[PDB]
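A.B. asks: As input, take upload-v7.tsv (TSV, C-alpha atoms):
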```tsv
chain	number	residue	atom	x	y	z
A	1	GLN	CA	0.00	0.00	0.00
A	2	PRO	CA	1.52	3.33	-1.21
A	3	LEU	CA	1.46	6.53	0.86
A	4	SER	CA	-1.59	8.81	0.59
A	5	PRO	CA	-1.40	11.94	-1.63
A	6	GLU	CA	-1.82	14.00	1.55
A	7	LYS	CA	1.50	12.80	3.01
A	8	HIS	CA	3.04	13.43	-0.39
A	9	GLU	CA	1.86	17.03	-0.32
A	10	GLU	CA	2.91	17.42	3.33
A	11	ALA	CA	6.34	16.06	2.52
A	12	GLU	CA	6.52	18.72	-0.16
A	13	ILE	CA	5.68	21.52	2.30
A	14	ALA	CA	8.03	20.27	5.03
A	15	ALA	CA	10.82	19.81	2.48
A	16	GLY	CA	10.24	23.36	1.24
A	17	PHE	CA	10.75	24.71	4.75
A	18	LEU	CA	13.79	22.51	5.44
A	19	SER	CA	15.17	23.53	2.06
A	20	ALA	CA	14.98	27.12	3.23
A	21	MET	CA	17.04	26.11	6.25
A	22	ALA	CA	19.36	23.51	4.68
A	23	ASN	CA	22.09	25.97	3.73
A	24	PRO	CA	25.10	26.92	5.90
A	25	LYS	CA	24.92	30.64	5.14
A	26	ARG	CA	21.15	30.65	5.73
A	27	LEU	CA	21.70	28.74	8.96
A	28	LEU	CA	24.17	31.38	10.18
A	29	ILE	CA	21.77	34.12	9.08
A	30	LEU	CA	18.84	32.55	10.96
A	31	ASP	CA	20.99	32.05	14.06
A	32	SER	CA	21.99	35.69	14.03
A	33	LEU	CA	18.46	36.92	13.27
A	34	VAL	CA	17.03	34.79	16.06
A	35	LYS	CA	19.30	36.39	18.61
A	36	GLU	CA	19.28	40.00	17.36
A	37	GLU	CA	17.90	42.61	14.92
A	38	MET	CA	20.21	43.64	12.08
A	39	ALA	CA	20.28	46.04	9.19
A	40	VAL	CA	21.24	44.23	6.00
A	41	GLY	CA	24.86	45.48	6.10
A	42	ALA	CA	25.71	44.33	9.61
A	43	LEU	CA	24.04	41.02	8.81
A	44	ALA	CA	26.04	40.51	5.59
A	45	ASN	CA	28.96	41.19	7.89
A	46	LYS	CA	28.37	38.78	10.73
A	47	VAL	CA	27.75	35.91	8.32
A	48	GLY	CA	30.69	37.09	6.22
A	49	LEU	CA	29.16	37.33	2.76
A	50	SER	CA	28.33	40.04	0.22
A	51	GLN	CA	24.96	41.82	-0.10
A	52	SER	CA	23.96	40.69	-3.62
A	53	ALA	CA	24.18	37.41	-1.87
A	54	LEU	CA	22.68	38.39	1.46
A	55	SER	CA	19.69	39.63	-0.52
A	56	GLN	CA	19.87	36.11	-2.10
A	57	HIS	CA	19.24	34.33	1.12
A	58	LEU	CA	16.87	36.85	2.62
A	59	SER	CA	14.65	36.36	-0.40
A	60	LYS	CA	14.51	32.58	-0.06
A	61	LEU	CA	13.93	32.93	3.70
A	62	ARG	CA	11.10	35.41	3.10
A	63	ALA	CA	9.61	32.95	0.62
A	64	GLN	CA	9.20	30.47	3.49
A	65	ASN	CA	7.89	33.21	5.80
A	66	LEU	CA	10.82	32.74	8.17
A	67	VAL	CA	11.78	36.37	8.75
A	68	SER	CA	10.12	39.58	9.87
A	69	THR	CA	11.09	43.11	8.88
A	70	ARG	CA	10.78	46.57	10.34
A	71	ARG	CA	11.55	49.85	8.59
A	72	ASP	CA	13.28	52.90	10.11
A	73	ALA	CA	13.45	55.61	7.44
A	74	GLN	CA	14.85	53.64	4.48
A	75	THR	CA	16.75	51.17	6.63
A	76	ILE	CA	15.34	47.68	6.88
A	77	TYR	CA	15.93	45.67	10.04
A	78	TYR	CA	15.51	41.91	9.79
A	79	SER	CA	14.69	39.49	12.59
A	80	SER	CA	13.24	36.03	13.05
A	81	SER	CA	10.59	35.07	15.56
A	82	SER	CA	9.71	31.89	13.64
A	83	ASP	CA	8.56	29.04	15.88
A	84	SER	CA	9.54	26.58	13.12
A	85	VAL	CA	13.08	27.93	12.80
A	86	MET	CA	13.44	27.88	16.56
A	87	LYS	CA	12.32	24.26	16.79
A	88	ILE	CA	14.77	23.16	14.10
A	89	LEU	CA	17.60	25.16	15.71
A	90	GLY	CA	16.64	23.46	18.97
A	91	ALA	CA	16.91	20.06	17.32
A	92	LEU	CA	20.30	20.89	15.79
A	93	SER	CA	21.38	22.33	19.12
A	94	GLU	CA	20.63	18.98	20.74
A	95	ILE	CA	22.24	16.97	17.93
A	96	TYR	CA	25.50	18.94	17.82
A	97	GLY	CA	25.60	20.66	21.21
A	98	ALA	CA	24.85	24.26	22.19
B	1	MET	CA	31.35	43.90	15.58
B	2	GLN	CA	33.04	40.50	15.34
B	3	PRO	CA	32.04	38.41	12.32
B	4	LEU	CA	31.26	34.79	13.14
B	5	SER	CA	34.22	32.53	13.94
B	6	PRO	CA	35.50	30.00	11.40
B	7	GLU	CA	34.37	27.20	13.72
B	8	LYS	CA	30.74	28.36	13.63
B	9	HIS	CA	31.03	28.33	9.84
B	10	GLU	CA	32.26	24.74	9.88
B	11	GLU	CA	29.50	23.70	12.29
B	12	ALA	CA	27.00	25.38	9.99
B	13	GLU	CA	28.45	23.44	7.08
B	14	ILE	CA	28.01	20.10	8.85
B	15	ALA	CA	24.50	20.89	10.12
B	16	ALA	CA	23.46	22.08	6.67
B	17	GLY	CA	24.89	18.89	5.15
B	18	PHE	CA	22.66	16.81	7.41
B	19	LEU	CA	19.56	18.94	6.79
B	20	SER	CA	20.29	18.72	3.07
B	21	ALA	CA	20.16	14.95	3.30
B	22	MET	CA	16.72	15.43	4.82
B	23	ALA	CA	15.51	18.44	2.79
B	24	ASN	CA	13.78	16.45	0.04
B	25	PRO	CA	10.13	15.31	-0.01
B	26	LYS	CA	10.98	11.82	-1.22
B	27	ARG	CA	13.74	11.46	1.35
B	28	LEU	CA	11.33	12.63	4.05
B	29	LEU	CA	8.84	9.93	3.04
B	30	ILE	CA	11.63	7.36	2.89
B	31	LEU	CA	13.01	8.24	6.33
B	32	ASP	CA	9.50	8.40	7.79
B	33	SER	CA	8.84	4.87	6.49
B	34	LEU	CA	12.25	3.49	7.54
B	35	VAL	CA	11.88	4.84	11.08
B	36	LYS	CA	12.02	2.30	12.44
B	37	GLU	CA	10.94	-0.51	10.08
B	38	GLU	CA	12.98	-2.73	7.96
B	39	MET	CA	11.97	-2.57	4.34
B	40	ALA	CA	13.39	-4.19	1.22
B	41	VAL	CA	14.23	-1.90	-1.69
B	42	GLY	CA	11.23	-3.05	-3.74
B	43	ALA	CA	8.61	-2.57	-1.03
B	44	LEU	CA	10.15	0.79	-0.13
B	45	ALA	CA	10.10	1.91	-3.75
B	46	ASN	CA	6.43	0.94	-3.91
B	47	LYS	CA	5.59	2.69	-0.65
B	48	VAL	CA	7.32	5.94	-1.54
B	49	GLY	CA	6.18	5.73	-5.16
B	50	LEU	CA	9.60	5.57	-6.79
B	51	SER	CA	11.45	3.48	-9.34
B	52	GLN	CA	14.62	1.68	-8.29
B	53	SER	CA	16.77	4.39	-9.93
B	54	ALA	CA	15.54	7.35	-7.87
B	55	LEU	CA	15.31	5.21	-4.74
B	56	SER	CA	18.91	4.07	-5.25
B	57	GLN	CA	19.91	7.74	-5.64
B	58	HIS	CA	18.05	8.84	-2.54
B	59	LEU	CA	19.33	5.93	-0.44
B	60	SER	CA	22.87	6.73	-1.53
B	61	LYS	CA	22.45	10.32	-0.39
B	62	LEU	CA	20.96	9.11	2.90
B	63	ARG	CA	23.91	6.80	3.49
B	64	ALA	CA	26.34	9.64	2.80
B	65	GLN	CA	24.99	11.46	5.87
B	66	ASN	CA	24.95	8.21	7.87
B	67	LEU	CA	21.17	8.32	8.28
B	68	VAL	CA	20.23	4.71	7.48
B	69	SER	CA	21.26	1.23	8.59
B	70	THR	CA	21.14	-2.00	6.60
B	71	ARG	CA	20.97	-5.72	7.21
B	72	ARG	CA	21.43	-8.43	4.63
B	73	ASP	CA	19.46	-11.65	4.44
B	74	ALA	CA	20.65	-13.84	1.58
B	75	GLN	CA	19.41	-12.14	-1.57
B	76	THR	CA	17.74	-9.20	0.14
B	77	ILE	CA	19.01	-5.96	1.65
B	78	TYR	CA	16.70	-4.61	4.36
B	79	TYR	CA	16.82	-0.90	5.10
B	80	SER	CA	15.99	0.90	8.34
B	81	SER	CA	16.73	4.14	10.17
B	82	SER	CA	17.70	4.31	13.82
B	83	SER	CA	19.23	7.77	13.46
B	84	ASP	CA	18.80	9.91	16.57
B	85	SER	CA	19.25	13.00	14.38
B	86	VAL	CA	16.58	11.97	11.90
B	87	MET	CA	14.21	11.27	14.78
B	88	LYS	CA	14.79	14.69	16.35
B	89	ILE	CA	14.12	16.47	13.06
B	90	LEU	CA	11.03	14.34	12.39
B	91	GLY	CA	9.85	15.13	15.91
B	92	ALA	CA	10.26	18.84	15.28
B	93	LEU	CA	8.44	18.59	11.94
B	94	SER	CA	5.65	16.62	13.61
B	95	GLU	CA	5.22	19.42	16.14
B	96	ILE	CA	5.44	22.16	13.48
B	97	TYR	CA	2.92	20.62	11.10
B	98	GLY	CA	0.85	18.30	13.27
```
Please, can you express the file's structure as structure tokens?
C.D. replies:
Amino acid sequence: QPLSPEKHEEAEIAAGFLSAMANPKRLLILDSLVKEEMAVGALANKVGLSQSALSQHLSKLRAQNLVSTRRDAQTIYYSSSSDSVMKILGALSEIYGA
Amino acid sequence: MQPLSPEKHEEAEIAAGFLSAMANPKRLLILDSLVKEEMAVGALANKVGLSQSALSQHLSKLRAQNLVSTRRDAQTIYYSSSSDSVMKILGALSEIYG
């Protein structure tokens, strides 16, 4: 007996989310954004990558609804209050140590 | 301030490698099924709705991250997963998505 189409569709959603997290740079970004607010520059900095790129990851992270934004003048501050991201980071924390 | 240490980058690389092994819908269905049930390659391919080519591919990627165990009885290889990591991530996903 094959798996229902529902579990097939759920596997697609879950894998979409995990795909958003299954990148080292994105992992570092989400770590940083979970523990503090950052303007895009400082963030590109802490994770040690360039901003064409940092925009790269922020876009894929926004696609999975994993980050929040706030705007002061024309400066955007990113953060993450995602329960999903926090649960996965918790899991990884337990797997690899905190 | 201080960009992230090289060690946190290497930890992110490992963690992301693991998540990458899991960040595929087919691999999620496979690991869900294999936790913690022995299945032969044929039955697994039928359960996950795959041909032996894709299943071979997926299983190879799962073995690369040490996520599955095998046992051989004569002419049959039986697959399972007793991975603590896989179980923690599946637990998280269960709680995230119901």
A.B. asks: Pick from B:15, B:62, B:55, B:4: nearest to residue 42 in chain B, with all atoms listed in the file counted?
C.D. replies: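 Comparing B:15, B:62, B:55, B:4 against residue 42 in chain B, the winner is B:55.
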A.B. asks: Closest to residue 58 in chain A among A:94, A:74, A:20, A:3, using all atoms listed in the file?
C.D. replies: A:20
A.B. asks: Within 7 Å of chain A, which residues of chain B show up when using only C-alpha atoms, listed as an MDAnalysis selection string?
C.D. replies: chainID B and resid 2:4 12:13 16 19:20 23:25 28:29 46:49 85 88:89 92 96
A.B. asks: Deliver the residues from the most recent selection as a file, using C-alpha atoms, as a PDB file, in the coordinates of the input.
C.D. replies:
```
ATOM      1  CA  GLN B   2      33.040  40.500  15.340  1.00  0.00           C
ATOM      2  CA  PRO B   3      32.040  38.410  12.320  1.00  0.00           C
ATOM      3  CA  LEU B   4      31.260  34.790  13.140  1.00  0.00           C
ATOM      4  CA  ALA B  12      27.000  25.380   9.990  1.00  0.00           C
ATOM      5  CA  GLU B  13      28.450  23.440   7.080  1.00  0.00           C
ATOM      6  CA  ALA B  16      23.460  22.080   6.670  1.00  0.00           C
ATOM      7  CA  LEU B  19      19.560  18.940   6.790  1.00  0.00           C
ATOM      8  CA  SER B  20      20.290  18.720   3.070  1.00  0.00           C
ATOM      9  CA  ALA B  23      15.510  18.440   2.790  1.00  0.00           C
ATOM     10  CA  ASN B  24      13.780  16.450   0.040  1.00  0.00           C
ATOM     11  CA  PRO B  25      10.130  15.310  -0.010  1.00  0.00           C
ATOM     12  CA  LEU B  28      11.330  12.630   4.050  1.00  0.00           C
ATOM     13  CA  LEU B  29       8.840   9.930   3.040  1.00  0.00           C
ATOM     14  CA  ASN B  46       6.430   0.940  -3.910  1.00  0.00           C
ATOM     15  CA  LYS B  47       5.590   2.690  -0.650  1.00  0.00           C
ATOM     16  CA  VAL B  48       7.320   5.940  -1.540  1.00  0.00           C
ATOM     17  CA  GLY B  49       6.180   5.730  -5.160  1.00  0.00           C
ATOM     18  CA  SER B  85      19.250  13.000  14.380  1.00  0.00           C
ATOM     19  CA  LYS B  88      14.790  14.690  16.350  1.00  0.00           C
ATOM     20  CA  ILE B  89      14.120  16.470  13.060  1.00  0.00           C
ATOM     21  CA  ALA B  92      10.260  18.840  15.280  1.00  0.00           C
ATOM     22  CA  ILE B  96       5.440  22.160  13.480  1.00  0.00           C
TER      23      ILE B  96
END
```
A.B. asks: Mind checking which residues fall within 10 Å of residue 81 in chain B, counting only C-alpha atoms, ignoring those fewer than 5 positions away in the same chain, and posting them as a list in words?
C.D. replies: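 Once the adjacent positions are removed, what remains is residues 30, 31, 32, 33, 34, 35, 36, 37, 38, 62, 66, 67, 68, 69, 70, 86 and 87 of chain B.
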A.B. asks: Quick one: distance from CA of residue 77 in chain B to CA of residue 90 in chain B in Å, one decimal?
C.D. replies: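 Between CA of residue 77 in chain B and CA of residue 90 in chain B the gap is 24.3 Å.
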A.B. asks: Hey, can you check how far CA of residue 54 in chain A sits from CA of residue 98 in chain A?
C.D. replies: 25.2 Å
